[PDB]
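Data file: entry-v2.pdb. Format and content: PDB, C-alpha atoms and all ligand atoms.
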```
MODEL        1
ATOM      1  CA  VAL A   3     111.076 147.400  91.152  1.00  0.00           C
ATOM      2  CA  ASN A   4     111.826 150.940  92.405  1.00  0.00           C
ATOM      3  CA  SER A   5     113.560 154.047  91.062  1.00  0.00           C
ATOM      4  CA  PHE A   6     116.723 154.006  93.207  1.00  0.00           C
ATOM      5  CA  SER A   7     119.775 153.892  90.891  1.00  0.00           C
ATOM      6  CA  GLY A   8     123.508 153.216  91.289  1.00  0.00           C
ATOM      7  CA  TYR A   9     123.305 151.487  94.691  1.00  0.00           C
ATOM      8  CA  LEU A  10     125.582 148.692  95.831  1.00  0.00           C
ATOM      9  CA  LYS A  11     123.592 145.860  97.387  1.00  0.00           C
ATOM     10  CA  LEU A  12     124.933 144.919 100.850  1.00  0.00           C
ATOM     11  CA  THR A  13     122.246 142.440 101.935  1.00  0.00           C
ATOM     12  CA  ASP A  14     118.794 141.214 100.962  1.00  0.00           C
ATOM     13  CA  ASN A  15     117.316 144.555 102.080  1.00  0.00           C
ATOM     14  CA  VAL A  16     120.121 147.132 102.533  1.00  0.00           C
ATOM     15  CA  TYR A  17     121.642 149.174  99.695  1.00  0.00           C
ATOM     16  CA  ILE A  18     124.301 151.917  99.816  1.00  0.00           C
ATOM     17  CA  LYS A  19     125.511 154.756  97.576  1.00  0.00           C
ATOM     18  CA  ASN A  20     127.934 157.660  97.702  1.00  0.00           C
ATOM     19  CA  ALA A  21     125.382 160.439  97.325  1.00  0.00           C
ATOM     20  CA  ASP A  22     124.083 163.701  98.750  1.00  0.00           C
ATOM     21  CA  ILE A  23     120.790 162.693 100.388  1.00  0.00           C
ATOM     22  CA  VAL A  24     119.308 166.078  99.425  1.00  0.00           C
ATOM     23  CA  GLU A  25     120.093 165.577  95.738  1.00  0.00           C
ATOM     24  CA  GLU A  26     119.005 161.982  95.930  1.00  0.00           C
ATOM     25  CA  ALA A  27     115.667 162.920  97.519  1.00  0.00           C
ATOM     26  CA  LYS A  28     115.099 165.649  94.912  1.00  0.00           C
ATOM     27  CA  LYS A  29     115.589 163.122  92.084  1.00  0.00           C
ATOM     28  CA  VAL A  30     113.784 160.072  93.451  1.00  0.00           C
ATOM     29  CA  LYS A  31     111.018 161.788  95.470  1.00  0.00           C
ATOM     30  CA  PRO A  32     110.867 158.703  97.715  1.00  0.00           C
ATOM     31  CA  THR A  33     107.839 157.886  99.830  1.00  0.00           C
ATOM     32  CA  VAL A  34     110.044 158.324 102.937  1.00  0.00           C
ATOM     33  CA  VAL A  35     113.256 160.269 103.501  1.00  0.00           C
ATOM     34  CA  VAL A  36     114.835 159.870 106.940  1.00  0.00           C
ATOM     35  CA  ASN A  37     116.166 162.908 108.776  1.00  0.00           C
ATOM     36  CA  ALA A  38     118.985 162.686 111.325  1.00  0.00           C
ATOM     37  CA  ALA A  39     116.944 164.641 113.860  1.00  0.00           C
ATOM     38  CA  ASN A  40     117.464 165.744 117.440  1.00  0.00           C
ATOM     39  CA  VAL A  41     114.763 165.638 120.130  1.00  0.00           C
ATOM     40  CA  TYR A  42     113.900 169.324 119.628  1.00  0.00           C
ATOM     41  CA  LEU A  43     113.664 169.005 115.824  1.00  0.00           C
ATOM     42  CA  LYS A  44     116.137 171.904 115.578  1.00  0.00           C
ATOM     43  CA  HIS A  45     117.534 171.298 112.086  1.00  0.00           C
ATOM     44  CA  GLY A  46     120.697 173.331 112.345  1.00  0.00           C
ATOM     45  CA  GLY A  47     123.444 171.310 110.709  1.00  0.00           C
ATOM     46  CA  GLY A  48     124.534 167.978 109.368  1.00  0.00           C
ATOM     47  CA  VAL A  49     121.922 166.086 107.391  1.00  0.00           C
ATOM     48  CA  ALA A  50     119.074 167.905 109.154  1.00  0.00           C
ATOM     49  CA  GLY A  51     120.396 171.353 108.393  1.00  0.00           C
ATOM     50  CA  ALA A  52     120.874 170.329 104.754  1.00  0.00           C
ATOM     51  CA  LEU A  53     117.399 168.815 104.347  1.00  0.00           C
ATOM     52  CA  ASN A  54     115.793 171.813 106.051  1.00  0.00           C
ATOM     53  CA  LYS A  55     117.697 174.295 103.855  1.00  0.00           C
ATOM     54  CA  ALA A  56     116.482 172.422 100.766  1.00  0.00           C
ATOM     55  CA  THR A  57     112.871 172.973 101.971  1.00  0.00           C
ATOM     56  CA  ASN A  58     113.474 176.740 102.302  1.00  0.00           C
ATOM     57  CA  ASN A  59     112.956 176.347 106.103  1.00  0.00           C
ATOM     58  CA  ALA A  60     109.452 174.865 105.713  1.00  0.00           C
ATOM     59  CA  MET A  61     110.653 171.730 107.522  1.00  0.00           C
ATOM     60  CA  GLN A  62     111.698 173.869 110.515  1.00  0.00           C
ATOM     61  CA  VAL A  63     108.390 175.779 110.565  1.00  0.00           C
ATOM     62  CA  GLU A  64     106.422 172.518 110.563  1.00  0.00           C
ATOM     63  CA  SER A  65     108.746 171.040 113.187  1.00  0.00           C
ATOM     64  CA  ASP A  66     108.355 174.005 115.550  1.00  0.00           C
ATOM     65  CA  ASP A  67     104.578 173.559 115.476  1.00  0.00           C
ATOM     66  CA  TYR A  68     105.010 169.806 116.122  1.00  0.00           C
ATOM     67  CA  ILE A  69     107.175 170.462 119.201  1.00  0.00           C
ATOM     68  CA  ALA A  70     104.880 173.190 120.515  1.00  0.00           C
ATOM     69  CA  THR A  71     102.011 170.676 120.439  1.00  0.00           C
ATOM     70  CA  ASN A  72     103.745 167.430 121.423  1.00  0.00           C
ATOM     71  CA  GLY A  73     106.973 168.284 123.222  1.00  0.00           C
ATOM     72  CA  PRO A  74     110.356 166.758 122.415  1.00  0.00           C
ATOM     73  CA  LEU A  75     110.961 163.350 120.949  1.00  0.00           C
ATOM     74  CA  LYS A  76     112.798 160.602 122.840  1.00  0.00           C
ATOM     75  CA  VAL A  77     116.356 159.632 121.941  1.00  0.00           C
ATOM     76  CA  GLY A  78     115.738 156.506 119.852  1.00  0.00           C
ATOM     77  CA  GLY A  79     112.304 157.782 118.816  1.00  0.00           C
ATOM     78  CA  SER A  80     110.789 159.280 115.701  1.00  0.00           C
ATOM     79  CA  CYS A  81     107.898 161.152 114.175  1.00  0.00           C
ATOM     80  CA  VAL A  82     106.451 161.301 110.663  1.00  0.00           C
ATOM     81  CA  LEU A  83     106.069 164.779 109.166  1.00  0.00           C
ATOM     82  CA  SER A  84     105.796 166.147 105.645  1.00  0.00           C
ATOM     83  CA  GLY A  85     108.543 165.491 103.134  1.00  0.00           C
ATOM     84  CA  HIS A  86     107.904 168.915 101.577  1.00  0.00           C
ATOM     85  CA  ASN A  87     109.616 169.134  98.163  1.00  0.00           C
ATOM     86  CA  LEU A  88     111.922 166.193  98.937  1.00  0.00           C
ATOM     87  CA  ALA A  89     109.658 163.177  99.573  1.00  0.00           C
ATOM     88  CA  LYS A  90     106.082 162.319 100.454  1.00  0.00           C
ATOM     89  CA  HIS A  91     107.020 161.983 104.137  1.00  0.00           C
ATOM     90  CA  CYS A  92     110.009 162.727 106.330  1.00  0.00           C
ATOM     91  CA  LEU A  93     110.690 160.252 109.129  1.00  0.00           C
ATOM     92  CA  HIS A  94     112.562 162.296 111.743  1.00  0.00           C
ATOM     93  CA  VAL A  95     114.632 159.750 113.706  1.00  0.00           C
ATOM     94  CA  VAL A  96     116.720 160.626 116.772  1.00  0.00           C
ATOM     95  CA  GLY A  97     119.877 158.573 117.047  1.00  0.00           C
ATOM     96  CA  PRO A  98     122.042 159.026 120.146  1.00  0.00           C
ATOM     97  CA  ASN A  99     124.497 161.931 119.935  1.00  0.00           C
ATOM     98  CA  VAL A 100     127.854 160.784 121.334  1.00  0.00           C
ATOM     99  CA  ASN A 101     128.937 164.465 121.568  1.00  0.00           C
ATOM    100  CA  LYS A 102     126.118 164.827 124.198  1.00  0.00           C
ATOM    101  CA  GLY A 103     127.007 161.550 126.028  1.00  0.00           C
ATOM    102  CA  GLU A 104     123.922 159.517 124.963  1.00  0.00           C
ATOM    103  CA  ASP A 105     123.888 155.737 125.180  1.00  0.00           C
ATOM    104  CA  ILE A 106     124.969 154.100 121.912  1.00  0.00           C
ATOM    105  CA  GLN A 107     122.744 151.128 122.634  1.00  0.00           C
ATOM    106  CA  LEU A 108     119.888 153.481 121.719  1.00  0.00           C
ATOM    107  CA  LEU A 109     121.099 153.277 118.120  1.00  0.00           C
ATOM    108  CA  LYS A 110     119.290 149.951 117.665  1.00  0.00           C
ATOM    109  CA  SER A 111     116.042 151.464 118.976  1.00  0.00           C
ATOM    110  CA  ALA A 112     116.492 154.361 116.539  1.00  0.00           C
ATOM    111  CA  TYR A 113     116.858 152.017 113.557  1.00  0.00           C
ATOM    112  CA  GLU A 114     113.777 150.014 114.635  1.00  0.00           C
ATOM    113  CA  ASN A 115     111.679 153.001 113.528  1.00  0.00           C
ATOM    114  CA  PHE A 116     112.640 152.199 109.929  1.00  0.00           C
ATOM    115  CA  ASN A 117     110.715 148.889 110.135  1.00  0.00           C
ATOM    116  CA  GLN A 118     107.413 150.800 110.099  1.00  0.00           C
ATOM    117  CA  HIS A 119     108.090 151.800 106.451  1.00  0.00           C
ATOM    118  CA  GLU A 120     108.441 149.412 103.529  1.00  0.00           C
ATOM    119  CA  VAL A 121     111.056 151.509 101.661  1.00  0.00           C
ATOM    120  CA  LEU A 122     113.219 154.424 102.873  1.00  0.00           C
ATOM    121  CA  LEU A 123     116.020 156.715 101.746  1.00  0.00           C
ATOM    122  CA  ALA A 124     118.198 157.312 104.782  1.00  0.00           C
ATOM    123  CA  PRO A 125     121.525 158.477 106.183  1.00  0.00           C
ATOM    124  CA  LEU A 126     123.527 156.425 108.646  1.00  0.00           C
ATOM    125  CA  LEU A 127     122.058 157.234 112.046  1.00  0.00           C
ATOM    126  CA  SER A 128     124.333 158.814 114.650  1.00  0.00           C
ATOM    127  CA  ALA A 129     127.087 159.328 112.028  1.00  0.00           C
ATOM    128  CA  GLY A 130     128.601 162.673 111.078  1.00  0.00           C
ATOM    129  CA  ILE A 131     128.176 165.358 113.729  1.00  0.00           C
ATOM    130  CA  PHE A 132     126.365 162.883 116.009  1.00  0.00           C
ATOM    131  CA  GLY A 133     129.778 161.378 116.727  1.00  0.00           C
ATOM    132  CA  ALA A 134     129.270 157.621 116.373  1.00  0.00           C
ATOM    133  CA  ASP A 135     131.447 155.297 114.315  1.00  0.00           C
ATOM    134  CA  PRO A 136     129.719 154.994 110.901  1.00  0.00           C
ATOM    135  CA  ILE A 137     130.998 151.422 110.479  1.00  0.00           C
ATOM    136  CA  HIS A 138     129.143 150.516 113.688  1.00  0.00           C
ATOM    137  CA  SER A 139     126.057 152.394 112.528  1.00  0.00           C
ATOM    138  CA  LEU A 140     126.013 150.407 109.281  1.00  0.00           C
ATOM    139  CA  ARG A 141     126.329 147.138 111.207  1.00  0.00           C
ATOM    140  CA  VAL A 142     123.405 148.047 113.485  1.00  0.00           C
ATOM    141  CA  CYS A 143     121.376 149.089 110.429  1.00  0.00           C
ATOM    142  CA  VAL A 144     121.947 145.761 108.675  1.00  0.00           C
ATOM    143  CA  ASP A 145     121.201 143.789 111.846  1.00  0.00           C
ATOM    144  CA  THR A 146     118.050 145.780 112.770  1.00  0.00           C
ATOM    145  CA  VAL A 147     116.255 147.052 109.663  1.00  0.00           C
ATOM    146  CA  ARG A 148     114.219 144.427 107.820  1.00  0.00           C
ATOM    147  CA  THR A 149     112.490 146.772 105.371  1.00  0.00           C
ATOM    148  CA  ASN A 150     114.186 148.071 102.233  1.00  0.00           C
ATOM    149  CA  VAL A 151     116.660 150.833 103.052  1.00  0.00           C
ATOM    150  CA  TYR A 152     118.695 152.901 100.589  1.00  0.00           C
ATOM    151  CA  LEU A 153     121.585 154.525 102.448  1.00  0.00           C
ATOM    152  CA  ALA A 154     123.127 157.736 101.138  1.00  0.00           C
ATOM    153  CA  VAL A 155     126.684 158.445 102.313  1.00  0.00           C
ATOM    154  CA  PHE A 156     127.860 161.971 101.516  1.00  0.00           C
ATOM    155  CA  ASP A 157     131.607 161.443 101.956  1.00  0.00           C
ATOM    156  CA  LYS A 158     133.234 159.384  99.185  1.00  0.00           C
ATOM    157  CA  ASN A 159     136.187 158.417 101.379  1.00  0.00           C
ATOM    158  CA  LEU A 160     133.828 157.146 104.077  1.00  0.00           C
ATOM    159  CA  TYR A 161     131.644 155.360 101.521  1.00  0.00           C
ATOM    160  CA  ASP A 162     134.658 153.422 100.218  1.00  0.00           C
ATOM    161  CA  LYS A 163     135.719 152.533 103.768  1.00  0.00           C
ATOM    162  CA  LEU A 164     132.193 151.329 104.636  1.00  0.00           C
ATOM    163  CA  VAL A 165     132.041 149.074 101.563  1.00  0.00           C
ATOM    164  CA  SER A 166     135.583 147.731 101.891  1.00  0.00           C
ATOM    165  CA  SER A 167     135.150 146.854 105.588  1.00  0.00           C
ATOM    166  CA  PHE A 168     131.623 145.410 105.306  1.00  0.00           C
ATOM    167  CA  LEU A 169     131.259 141.869 106.583  1.00  0.00           C
TER     168      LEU A 169
HETATM  169  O1  LIG B 201     126.184 165.818 107.235  1.00  0.00           O
HETATM  170  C1  LIG B 201     125.844 165.195 106.287  1.00  0.00           C
HETATM  171  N1  LIG B 201     126.025 163.732 106.224  1.00  0.00           N
HETATM  172  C2  LIG B 201     126.611 163.046 107.369  1.00  0.00           C
HETATM  173  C3  LIG B 201     125.724 163.207 108.612  1.00  0.00           C
HETATM  174  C4  LIG B 201     125.477 164.305 109.446  1.00  0.00           C
HETATM  175  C5  LIG B 201     124.614 164.175 110.529  1.00  0.00           C
HETATM  176  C6  LIG B 201     124.001 162.946 110.787  1.00  0.00           C
HETATM  177  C7  LIG B 201     124.244 161.848 109.963  1.00  0.00           C
HETATM  178  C8  LIG B 201     125.106 161.979 108.872  1.00  0.00           C
HETATM  179  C9  LIG B 201     125.558 160.932 107.797  1.00  0.00           C
HETATM  180  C10 LIG B 201     126.792 161.560 107.188  1.00  0.00           C
HETATM  181  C11 LIG B 201     126.947 161.175 105.707  1.00  0.00           C
HETATM  182  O2  LIG B 201     127.825 161.744 105.001  1.00  0.00           O
HETATM  183  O3  LIG B 201     126.205 160.290 105.196  1.00  0.00           O
HETATM  184  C12 LIG B 201     125.266 165.944 105.073  1.00  0.00           C
HETATM  185  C13 LIG B 201     124.669 165.231 104.044  1.00  0.00           C
HETATM  186  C14 LIG B 201     124.174 165.911 102.941  1.00  0.00           C
HETATM  187  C15 LIG B 201     124.283 167.295 102.863  1.00  0.00           C
HETATM  188  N2  LIG B 201     123.752 167.957 101.663  1.00  0.00           N
HETATM  189  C16 LIG B 201     123.906 169.394 101.407  1.00  0.00           C
HETATM  190  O4  LIG B 201     124.449 170.125 102.165  1.00  0.00           O
HETATM  191  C17 LIG B 201     123.328 169.973 100.105  1.00  0.00           C
HETATM  192  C18 LIG B 201     124.375 170.408  99.081  1.00  0.00           C
HETATM  193  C19 LIG B 201     123.589 171.460  99.864  1.00  0.00           C
HETATM  194  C20 LIG B 201     124.899 168.002 103.895  1.00  0.00           C
HETATM  195  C21 LIG B 201     125.392 167.326 105.000  1.00  0.00           C
ENDMDL
END
```
For this file, write the structure as structure tokens.
Amino acid sequence: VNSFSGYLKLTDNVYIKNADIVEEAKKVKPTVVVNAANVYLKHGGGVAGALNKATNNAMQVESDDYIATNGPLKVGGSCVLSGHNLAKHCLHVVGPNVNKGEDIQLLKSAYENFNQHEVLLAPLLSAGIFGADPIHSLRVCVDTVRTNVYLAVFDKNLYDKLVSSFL
């Protein structure tokens, strides 16, 4: 039993809710919140900008030190950093950004990072300002992630479309 509330169950291990991932993280304080990161960990907008703002920019400060030491992530890769006031840990995962021309096949590799964590609160990777089709992202999630994932979808209209079209 866990503390996630109001989710629709899609499969054995994937759950979905119309929710603001920031508000959801603040209430649940999950072990892992996933950030929709880029390779530079520049958290300017979308989910990343929102999560970083909620940390009062502490996420960005920590991220800048990470990059200065380690260099950029790979598209499809991830790193574990602090969850600050939102979660124990933040798993920064880089899905391909279609608005930069990155290969959508890398979306499966991106979701594979979730399998290193037993339970996660997450957005749909490569959705929103990353330019992928969220219906496709949900399909890849379901077909790739085997651990327990609680998906937060900010837009109610999109949430309803994702549920109604789910196979
Ligand atoms: O952009 C956002 N979500 C979309 C996005 C973008 C980029 C990558 C993946 C995704 C998934 C997509 C979604 O709706 O699930 C987003 C989510 C939450 C906030 N919360 C706040 O601003 C708090 C109220 C002050 C802001 C933006």
Applied to the shown file, which residues does the PyMOL selection byres (((chain A and resi 109) around 9) and not hetatm) return, written as a ChimeraX atom specification?
-> /A:77-78,96-98,105-108,110-114,127-128,139,142-143
Considering only C-alpha atoms and all ligand atoms, state which residue in the set A:19, A:148, A:31, A:86 is at the smallest distance from ligand LIG 201 (chain B).
->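 Among A:19, A:148, A:31, A:86, it is A:19 that comes nearest to ligand LIG 201 (chain B).
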Of the residues A:18, A:100, A:52, A:89, which is the one nearest to ligand LIG 201 (chain B), using all atoms listed in the file?
->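 Among A:18, A:100, A:52, A:89, it is A:52 that comes nearest to ligand LIG 201 (chain B).
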Which residues form the shell of 6 Å around ligand LIG 201 (chain B) when you count all atoms listed in the file, given as an MDAnalysis selection string?
-> chainID A and resid 22:24 38 48:49 52 125:132 154:157
From CA of residue 50 (chain A) to CA of residue 116 (chain A) the spacing works out at 17.0 Å
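Closest approach to residue 99 (chain A) among A:135, A:122, A:151, A:166 is made by A:135 (distances from all atoms listed in the file).
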Please identify all polymer residues within 10 Å of residue 168 (chain A), counting only C-alpha atoms, omitting same-chain residues fewer than 5 positions from it, and present them as a list in words.
-> residues 12, 137, 140, 141, 162 and 163 of chain A
Give me, please, the distance in Å between CA of residue 150 (chain A) and CA of residue 121 (chain A), quoted to one decimal.
->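 Value for the CA of residue 150 (chain A)-CA of residue 121 (chain A) distance: 4.7 Å.
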Which distance in Å separates CA of residue 92 (chain A) and CA of residue 58 (chain A), to one decimal?
->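 Distance reported for this atom pair: 15.0 Å.
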Restricting the calculation to all atoms listed in the file, which member of A:90, A:81, A:152, A:103 is positioned closest to residue 8 (chain A)?
->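 Under the stated criterion, the closest residue is A:152.
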The PyMOL selection byres (((chain A and resi 61-68) around 9) and not hetatm) applied to the shown file, residues as a ChimeraX atom specification = /A:42-45,53-60,69-74,83-86
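Distances to residue 33 (chain A) were evaluated for A:80, A:87, A:101, A:13 using all atoms listed in the file, and the minimum falls at A:87.
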Name the closest residue to residue 79 (chain A) among the candidates A:167, A:20, A:5, A:115; distances are taken between atoms, counting only C-alpha atoms.
-> A:115
Box time for region 149-158 of chain A: axis-aligned, enclosing all its listed atoms, 4 Å extra on each side; report centre and edge lengths in Å to one decimal, as AutoDock Vina command-line options.
```
--center_x 122.9 --center_y 154.4 --center_z 102.3 --size_x 28.7 --size_y 23.2 --size_z 14.2
```
